[PDB]
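Student: Return atomic coordinates for the entry below.
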Amino acid sequence: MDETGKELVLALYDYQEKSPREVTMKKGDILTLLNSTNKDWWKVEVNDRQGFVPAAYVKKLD
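Tutor: Numbers count the residues shown, from 1 in each chain. Okay, here it is:
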């Protein structure tokens with residue numbers, strides 16, 4: 001079930017991938033948290049791609 005991540009994050013803002021290293025998340029989407037090395041950006045898996053998104057556009061569900 002929650003095999004890729006036990007803690008998931010909610011996308012609060014429609015974020016368009018500016019580069020292939022970024023991921024496109026829609027407002028209301030549920031993203032899987034992989035790595036949170038920085039407070040600026042978190043590494044999340046969106047659909048198929050893993051990438052970094054700004055933590056100010058997402059909120060944890062906990």
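Student: drop to CA atoms for contacts and neighbour counts, all remaining ones
Tutor: Will do.
Student: ok, the spatially most central residue of the chain - contacts?
Tutor: By CA atoms, centre = their mean, the mean C-alpha position of the chain lies nearest to residue 44, the distance being 3.7 Å. By CA atoms under 8 Å, 6 or more residues apart in numbering, the contact list for residue 44 reads 31, 32, 33, 34, 35, 50, 51, 52, 53.
Student: Take those residues and keep only those in strands.
Tutor: In strands, judged by DSSP state E, the following of these are found: 31, 32, 33, 34, 35, 50, 51, 52, 53.
Student: Just give the number of residues close to the closest residue to the last one other than its chain neighbours.
Tutor: The shortest distance from residue 53 to any residue that is not its chain neighbour, by CA to CA, 6 or more residues apart in numbering, is 5.0 Å, and that residue is residue 41. Burial of residue 41 is recorded as 17 neighbouring residues (other CA atoms under 10 Å).
Student: what sits against residue 41?
Tutor: Residues in contact with residue 41 (CA under 8 Å, 6+ apart) are 52, 53, 54, 55.
Student: can you tell me which of those residues lies nearest to residue 7?
Tutor: Distance to residue 7, by CA to CA, is smallest for residue 55 among those, at 14.2 Å.
Student: Would you agree the closest one is in contact with residue 40?
Tutor: Yes: with contact defined as CA atoms under 8 Å, residue 55 reaches residue 40; the gap is 5.7 Å.
Student: out of the two, which sits in the more crowded spot?
Tutor: residue 55 (18 against 11).
Student: who's in contact with the more buried one?
Tutor: 39, 40, 41, 42.
Student: what does residue 52 give?
Tutor: Contact analysis of residue 52 by CA under 8 Å, 6+ apart lists 21, 22, 23, 41, 42, 43, 44.
Student: Give me the nearest residue to it, chain neighbours excluded.
Tutor: With sequence-adjacent residues excluded and distances taken as CA to CA, 6+ apart, residue 52 is closest to residue 43, at 4.4 Å.
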